[PDB]
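Shown next, in structure tokens, is the structure this report addresses.
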Number of protein chains: 6
Amino acid sequence: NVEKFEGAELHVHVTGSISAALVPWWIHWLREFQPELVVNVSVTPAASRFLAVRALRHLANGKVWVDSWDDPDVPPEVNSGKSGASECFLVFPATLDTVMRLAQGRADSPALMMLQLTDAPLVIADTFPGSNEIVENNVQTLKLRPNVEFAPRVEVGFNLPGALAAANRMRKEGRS
Amino acid sequence: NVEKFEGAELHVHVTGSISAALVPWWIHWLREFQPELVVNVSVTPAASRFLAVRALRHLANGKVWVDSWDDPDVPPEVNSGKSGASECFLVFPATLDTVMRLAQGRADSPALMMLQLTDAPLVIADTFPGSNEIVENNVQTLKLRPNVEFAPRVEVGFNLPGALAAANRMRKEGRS
Amino acid sequence: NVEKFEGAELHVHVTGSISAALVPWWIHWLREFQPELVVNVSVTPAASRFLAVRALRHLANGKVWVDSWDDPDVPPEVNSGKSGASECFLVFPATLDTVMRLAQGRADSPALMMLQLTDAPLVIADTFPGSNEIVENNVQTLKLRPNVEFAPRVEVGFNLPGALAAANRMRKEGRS
Amino acid sequence: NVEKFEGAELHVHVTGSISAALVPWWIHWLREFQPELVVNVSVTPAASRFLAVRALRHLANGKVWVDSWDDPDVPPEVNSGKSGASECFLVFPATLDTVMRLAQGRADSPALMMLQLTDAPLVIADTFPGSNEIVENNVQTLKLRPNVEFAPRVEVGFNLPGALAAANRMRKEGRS
Amino acid sequence: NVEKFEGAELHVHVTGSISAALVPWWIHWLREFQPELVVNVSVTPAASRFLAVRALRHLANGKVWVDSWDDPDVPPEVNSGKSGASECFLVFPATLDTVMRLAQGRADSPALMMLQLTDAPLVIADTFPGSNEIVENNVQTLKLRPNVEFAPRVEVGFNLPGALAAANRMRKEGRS
Amino acid sequence: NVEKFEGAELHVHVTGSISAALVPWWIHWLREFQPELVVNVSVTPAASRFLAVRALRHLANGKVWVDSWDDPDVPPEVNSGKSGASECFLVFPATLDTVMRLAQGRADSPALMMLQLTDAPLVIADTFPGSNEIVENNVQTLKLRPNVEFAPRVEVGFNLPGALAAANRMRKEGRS
Ligand SMILES: Cc1cc2nc3c(=O)[nH]c(=O)nc-3n(C[C@H](O)[C@H](O)[C@H](O)COP(=O)(O)OP(=O)(O)OC[C@H]3O[C@@H](n4cnc5c(N)ncnc54)[C@H](O)[C@@H]3O)c2cc1C
Ligand SMILES: Cc1cc2nc3c(=O)[nH]c(=O)nc-3n(C[C@H](O)[C@H](O)[C@H](O)COP(=O)(O)OP(=O)(O)OC[C@H]3O[C@@H](n4cnc5c(N)ncnc54)[C@H](O)[C@@H]3O)c2cc1C
Ligand SMILES: Cc1cc2nc3c(=O)[nH]c(=O)nc-3n(C[C@H](O)[C@H](O)[C@H](O)COP(=O)(O)OP(=O)(O)OC[C@H]3O[C@@H](n4cnc5c(N)ncnc54)[C@H](O)[C@@H]3O)c2cc1C
Ligand SMILES: Cc1cc2nc3c(=O)[nH]c(=O)nc-3n(C[C@H](O)[C@H](O)[C@H](O)COP(=O)(O)OP(=O)(O)OC[C@H]3O[C@@H](n4cnc5c(N)ncnc54)[C@H](O)[C@@H]3O)c2cc1C
Ligand SMILES: Cc1cc2nc3c(=O)[nH]c(=O)nc-3n(C[C@H](O)[C@H](O)[C@H](O)COP(=O)(O)OP(=O)(O)OC[C@H]3O[C@@H](n4cnc5c(N)ncnc54)[C@H](O)[C@@H]3O)c2cc1C
Ligand SMILES: Cc1cc2nc3c(=O)[nH]c(=O)nc-3n(C[C@H](O)[C@H](O)[C@H](O)COP(=O)(O)OP(=O)(O)OC[C@H]3O[C@@H](n4cnc5c(N)ncnc54)[C@H](O)[C@@H]3O)c2cc1C
């Protein structure tokens with residue numbers, strides 16, 4: 001049930017769960033599955049303790065940068081909600097904290113400024129250890145944004161093929 | 001009116017108010033008052049400017065760690081809302097900022113992940129310099145969590161004996 | 001339509017937008033326009049990448065400090081919502097993130113503790129790259145505080161003369 | 001055609017090719033495929049530029065160490081050709097240089113001392129960019145050691161399932 | 001049986017026993033018990049591993065300095081046996097080593113120069129792990145100095161109320 | 001009386017007076033006043049204590065570099081008296097020391113090599129604290145160079161509009 005992303009370029013935002021260690025394998029998979037796709041990647045300091053940014057610079061064909069206002073590779077168009085010509089944004093994986101920061105309008109990292117300002121489909125491949133009533137409320141708050149969805153389950157949302165299908169879906173709804 | 005904590009182990013989370021300087025005296029008090037109790041302690045970077053973690057490693061009989069995702073002493077069970085076999089969690093003292101972060105579902109430190117995920121009684125010995133309408137709303141938000149209480153007053157909540165009584169109370173309510 | 005601030009001392013809190021590079025010119029302007037005024041200045045780490053704190057120590061006649069709990073110049077009265085004898089507080093410029101932190105009751109910097117605790121007129125000279133529904137909600141939340149206003153427009157609020165007029169206005173309303 | 005390793009514990013030695021970025025995914029796979037297996041892992045400085053040792057400490061249930069005589073995690077039994085109770089050794093992936101060093105009797109890293117001294121099945125999942133006559137001669141030299149094999153092809157030998165089958169094969173030949 | 005110190009200012013010299021962790025609580029106690037008293041504090045490098053000098057700068061109303069010839073806060077009057085206008089000197093707590101250094105006329109720290117040169121009452125709140133014949137001889141040697149006493153017991157001398165009573169006693173004997 | 005610079009590109013050399021703090025405002029002004037103009041900027045180490053080079057990289061559309069032989073951004077054409085295709089050179093502001101170094105043929109910074117070798121109009125927006133007979137002689141020495149002028153006064157020469165008019169003037173004299 002695995003389908004191709006119908007756009008030309010997407011952006012992957014990688015956050016600090018142990019699943020980030022598995023992302024270079026999935027980026028490699030997506031590059032072989034769809035060689036014409038341009039894949040940009042942002043990586044949080046936390047995630048950079050679980051993978052090597054250097055390896056992504058090799059596996060990914062788009063821009064690769066650490067999600068930090070002091071990193072010189074951070075492209076200027078983050079301040080307009082863009083990543084090159086990315087047509088969707090996948091948070092893969094997405095920590096509890098990254099989702100709380102998104103739900104709260106925070107722009108304390110250039111990737112979060114970018115995710116606050118984008119109108120493009122934004123898919124969240126959540127990897128939460130757990131939840132409570134206050135977390136669930138902050139997740140509900142994200143329905144105020146029409147472009148945001150959580151990826152299809154596999155109880156956890158670490159699901160790139162599902163994220164790609166959800167993205168192609170929200171892309172075609174944005175045209176008709 | 002001072003009573004013993006009826007569990008076997010608790011956890012003390014120390015945050016960056018000048019009252020943190022007084023916590024080693026209170027930990028020493030609790031160790032003499034109740035020698036069979038296992039006391040775990042987490043200390044925020046801020047609080048570590050007002051006390052010495054080394055002194056707690058001596059005064060406390062449980063695990064002691066700095067509240068930072070890079071500290072190697074951070075136990076893995078924080079990601080399941082546990083601290084060893086702690087049966088309650090005392091934030092002693094609790095800054096305004098720690099309480100805002102808790103009220104907002106933040107997990108940007110392993111102690112906050114832990115406090116988000118625990119079902120055990122969570123008592124907050126607040127030391128706020130002051131308040132406003134937005135702070136009061138964020139404090140109200142904590143009533144969505146049944147396990148959270150503020151410690152009995154002494155206008156400030158820097159009250160370990162009261163916290164222990166409140167904890168034994170919420171522990172027995174959780175059994176009947 | 002440019003009028004003088006009718007108080008004796010104010011405080012300028014400078015945050016990390018490229019407009020911070022232009023603040024020393026405006027501080028110099030305010031010092032020549034109103035030589036009797038004492039101007040205190042706080043500068044966020046981010047803003048300190050776009051201007052030099054040293055230059056403000058020369059151009060400003062009040063206290064100048066980096067907005068960090070470890071800076072030794074941070075005056076103790078931030079923990080009572082004061083900056084010397086400042087009678088208003090201008091966030092000039094104000095990032096999206098600084099405004100979200102204010103709207104959320106955060107005290108994770110001494111300037112934010114100060115801005116949470118003050119009753120004085122607080123004017124926000126916002127420089128947002130953009131917005132969404134969740135940001136707009138967090139901006140609405142600031143109406144729970146009677147002393148907070150956004151400066152008059154020039155779509156952006158980087159407007160010191162307007163901020164000064166708004167401040168004198170909220171000052172006289174607080175007396176009658 | 002994927003079969004389980006018939007021993008209790010093995011050792012994975014990871015070397016500096018971009019394929020090392022994909023090893024945490026394969027370690028995760030082997031841990032789920034065979035939960036009773038103890039997996040030890042050594043990682044060369046070079047490979048540590050393409051993956052995070054920290055992530056392996058989480059994904060692997062055995063000892064994890066950097067292949068350096070100064071790393072304090074290096075177990076003493078490397079000087080007897082052992083890694084805990086490992087019953088085979090997989091070089092996954094194996095650089096040209098690691099294979100030249102092995103072919104030349106080098107012990108300039110504790111993993112290479114270990115691989116020189118072991119009698120256990122040693123499988124080499126080579127990832128060479130290319131070859132020449134002198135490289136091919138050094139690869140032939142490894143036939144002087146009865147326990148050494150190259151993994152089954154998939155032109156490249158980055159093949160853990162094949163390596164496991166080859167290992168179970170050389171293990172049973174060593175008993176009969 | 002707790003009485004007030006009858007002078008205007010005293011000096012507390014804190015040394016490297018785990019009891020130093022408890023001194024900020026006792027300084028806080030003395031400041032509330034006797035708000036008019038000016039309390040100066042010196043802290044040895046060793047003691048600074050068990051408490052935070054920063055916390056004492058907040059809790060103490062007099063000068064606070066690290067006991068080191070390179071610390072810029074060290075007041076010049078240590079070279080005349082003074083600490084501001086301190087009328088007594090409490091070594092609280094006092095290590096075995098600090099007492100040996102005092103007994104031997106050592107001035108290898110500015111606090112020890114100060115304690116060698118003072119004529120004011122000097123009270124020693126010893127916290128020794130143990131003793132031998134040579135230690136006891138060095139303690140006897142301190143009777144050659146009329147101003148030196150050990151604080152009343154509670155086997156250990158970690159006793160600020162007793163030290164204060166002993167100090168008021170030796171102060172009035174020095175006048176009649 | 002404010003006129004546009006009639007060339008396509010100019011270079012601004014910023015030196016270590018407190019007026020350097022005001023240059024980003026003036027660069028912003030010149031970019032809005034004349035959007036087609038390419039503005040290159042060099043900044044002395046001293047001036048970099050009074051402004052942020054990073055802010056100029058954003059406000060200026062040409063090359064921006066620190067005036068140091070070790071800065072990698074220093075363009076090679078400084079050794080031919082050029083800055084890209086700059087048609088004039090404004091020292092804005094100009095310290096006493098920068099003007100002495102220029103008057104004395106010094107090339108101890110790449111900007112000074114550049115200013116020694118250029119034939120283009122060179123305008124000096126001096127900010128001297130004061131003068132003496134030897135300084136005045138060194139300023140007279142600059143009349144040996146036909147391309148050098150001091151900007152029109154406003155007693156001080158911190159005057160970009162005047163500098164631009166003087167530059168267009170010396171440009172047209174160099175053609176007729
Ligand atoms: C082994 C392990 C597994 C984990 N698994 C999970 C998991 O499955 N799910 C999960 O939700 N969490 C997990 N965590 C916890 C997670 O790593 C933390 O919550 C972490 O803070 C997530 O950060 P991030 O990648 O979302 O963003 P980051 O950018 O790393 O966030 C760091 C924080 O610092 C702030 N910050 C901004 N600028 C700076 C700066 N200049 N310097 C410092 N801080 C700055 C950010 O605003 C943010 O609050 C795990 C942790 C460990 C150790
Ligand atoms: C003398 C004094 C007395 C004070 N008294 C009080 C008081 O009584 N009550 C009160 O409420 N406040 C008080 N404060 C202010 C208080 O210290 C600050 O609000 C402080 O930020 C509290 O931090 P914390 O201990 O709650 O948590 P911390 O963990 O110290 O929080 C630090 C912040 O950094 C973020 N962060 C996460 N990861 C990182 C990282 N890797 N690097 C950097 N930052 C990171 C955290 O999310 C958080 O926002 C006082 C301050 C001083 C100087
Ligand atoms: C060229 C450029 C232009 C920009 N223009 C704009 C603009 O116009 N508008 C806009 O809204 N944004 C803009 N930004 C983005 C802005 O700089 C960031 O959002 C930045 O985080 C703003 O920080 P601040 O000055 O508000 O506060 P800061 O104090 O700098 O906030 C830093 C973050 O770190 C946390 N923190 C607290 N203590 C510590 C500690 N000890 N160590 C580390 N972190 C800590 C704070 O809580 C906060 O979340 C721009 C960025 C760039 C590069
Ligand atoms: C993007 C990329 C992809 C690559 N892909 C491949 C590939 O597919 N196949 C391939 O064969 N190569 C590849 N290489 C090259 C490979 O990374 C180098 O050959 C590297 O030296 C391999 O080292 P190692 O991991 O085998 O062992 P290392 O232990 O990293 O070897 C480092 C060298 O230093 C010596 N040494 C020992 N002790 C020390 C010490 N204390 N300090 C310093 N040096 C010491 C070792 O003996 C050895 O000679 C690639 C390189 C890059 C950048
Ligand atoms: C957990 C723990 C508990 C302890 N409890 C006790 C206790 O209860 N009682 C007890 O007596 N001891 C105790 N000790 C031991 C005590 O900490 C040491 O004896 C320590 O040396 C005491 O130093 P001080 O604070 O007296 O003075 P310090 O000033 O710390 O003495 C350090 C030594 O270095 C010398 N020195 C001078 N200048 C310098 C310099 N620039 N650099 C380096 N050294 C210099 C000093 O002359 C002195 O000899 C304990 C130690 C630990 C770890
Ligand atoms: C608050 C303040 C205001 C001031 N206002 C004025 C003012 O209005 N007018 C005024 O004329 N002066 C003023 N000054 C003084 C001025 O900053 C100094 O004269 C300063 O040296 C000027 O340097 P520059 O920017 O001209 O060049 P710089 O390049 O900073 O000159 C530094 C010196 O170091 C030499 N040098 C070369 N290479 C190196 C190297 N690698 N490392 C170190 N040094 C090297 C240079 O040749 C030169 O002599 C002020 C100073 C302060 C603190």
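As shown in the structure tokens, the chain order sets the letters A, B, ...; within each chain, residues go from 1, and ligands are also counted from 1 in the order they appear.
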For this session: Enumerate residues in contact with ligand 2: an atom-to-atom distance of at most 8 Å, counting only C-alpha atoms and all ligand atoms. Format the result as an MDAnalysis selection string.
Result: (chainID B and resid 14:19 43:47 67:70 94:99 101 106 108:109 126:129) or (chainID C and resid 69:70 76 79 106:110 113) or (chainID E and resid 55 58)
Could you pull the residues within 8 Å of residue 100 of chain C, counting only C-alpha atoms, minus those fewer than 4 positions along the same chain, as a PDB file with N, CA, C and O atoms, in the first residue's frame?
```pdb
ATOM      1  N   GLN A 104       2.081  25.520  20.499  1.00  0.00           N
ATOM      2  CA  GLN A 104       2.113  26.722  21.350  1.00  0.00           C
ATOM      3  C   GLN A 104       2.664  27.905  20.547  1.00  0.00           C
ATOM      4  O   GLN A 104       2.983  28.950  21.145  1.00  0.00           O
ATOM      5  N   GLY A 105       2.815  27.740  19.250  1.00  0.00           N
ATOM      6  CA  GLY A 105       3.230  28.877  18.404  1.00  0.00           C
ATOM      7  C   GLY A 105       4.696  29.262  18.561  1.00  0.00           C
ATOM      8  O   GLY A 105       5.092  30.285  18.020  1.00  0.00           O
ATOM      9  N   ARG A 106       5.504  28.407  19.160  1.00  0.00           N
ATOM     10  CA  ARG A 106       6.922  28.728  19.434  1.00  0.00           C
ATOM     11  C   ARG A 106       7.712  28.786  18.119  1.00  0.00           C
ATOM     12  O   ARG A 106       7.448  28.012  17.200  1.00  0.00           O
TER      13      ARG A 106
ATOM     14  N   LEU C  96       8.233  37.154  17.489  1.00  0.00           N
ATOM     15  CA  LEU C  96       7.124  36.170  17.645  1.00  0.00           C
ATOM     16  C   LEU C  96       7.366  35.345  18.903  1.00  0.00           C
ATOM     17  O   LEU C  96       6.461  35.320  19.738  1.00  0.00           O
ATOM     18  N   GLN C 104       2.535  33.146  27.554  1.00  0.00           N
ATOM     19  CA  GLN C 104       2.447  31.811  28.170  1.00  0.00           C
ATOM     20  C   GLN C 104       2.979  31.872  29.606  1.00  0.00           C
ATOM     21  O   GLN C 104       3.201  30.810  30.217  1.00  0.00           O
ATOM     22  N   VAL C 135      -0.841  31.332  16.874  1.00  0.00           N
ATOM     23  CA  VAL C 135      -0.116  32.577  17.263  1.00  0.00           C
ATOM     24  C   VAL C 135      -1.140  33.658  17.652  1.00  0.00           C
ATOM     25  O   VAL C 135      -0.984  34.305  18.666  1.00  0.00           O
ATOM     26  N   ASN C 138      -2.623  33.104  21.121  1.00  0.00           N
ATOM     27  CA  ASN C 138      -1.592  33.504  22.130  1.00  0.00           C
ATOM     28  C   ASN C 138      -1.463  35.042  22.256  1.00  0.00           C
ATOM     29  O   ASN C 138      -1.418  35.527  23.382  1.00  0.00           O
ATOM     30  N   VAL C 139      -1.489  35.772  21.155  1.00  0.00           N
ATOM     31  CA  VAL C 139      -1.613  37.265  21.178  1.00  0.00           C
ATOM     32  C   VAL C 139      -2.917  37.766  21.852  1.00  0.00           C
ATOM     33  O   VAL C 139      -2.822  38.786  22.596  1.00  0.00           O
TER      34      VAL C 139
END
```
Exercise. Counting only C-alpha atoms, which residues of chain B come no farther than 7 Å from chain E, as a list in words?
Worked result: residues 18, 21, 22, 24, 25, 49, 50, 51, 52, 54 and 55 of chain B
If you count only C-alpha atoms, which residues fall within 10 Å of residue 171 of chain A, apart from same-chain ones fewer than 4 positions away, as an mmCIF file with C-alpha atoms, in the first residue's frame?
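Output (result-v8.cif):
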```cif
data_model
loop_
_atom_site.group_PDB
_atom_site.id
_atom_site.type_symbol
_atom_site.label_atom_id
_atom_site.label_comp_id
_atom_site.auth_asym_id
_atom_site.auth_seq_id
_atom_site.Cartn_x
_atom_site.Cartn_y
_atom_site.Cartn_z
ATOM 1 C CA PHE A 5 4.862 11.612 -3.093
ATOM 2 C CA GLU A 6 3.312 13.482 -6.093
ATOM 3 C CA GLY A 7 5.371 16.677 -5.543
ATOM 4 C CA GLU A 87 5.701 21.046 -1.077
ATOM 5 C CA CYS A 88 5.205 19.213 2.237
ATOM 6 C CA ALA A 120 1.938 23.468 2.927
ATOM 7 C CA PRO A 121 0.780 20.062 4.246
ATOM 8 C CA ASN A 147 -2.556 22.100 6.991
ATOM 9 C CA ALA A 165 0.137 9.220 1.293
ATOM 10 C CA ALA A 166 -1.362 11.733 3.799
ATOM 11 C CA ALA A 167 0.822 14.435 2.221
ATOM 12 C CA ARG A 175 -5.716 22.511 -5.541
ATOM 13 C CA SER A 176 -9.289 21.385 -6.420
#
```
Problem set entry | chain B: residues DSSP assigns to alpha helix (DSSP H), reported as a PyMOL selection string | chain B and resi 23-33+53-59+96-103+110-117+133-141+160-173
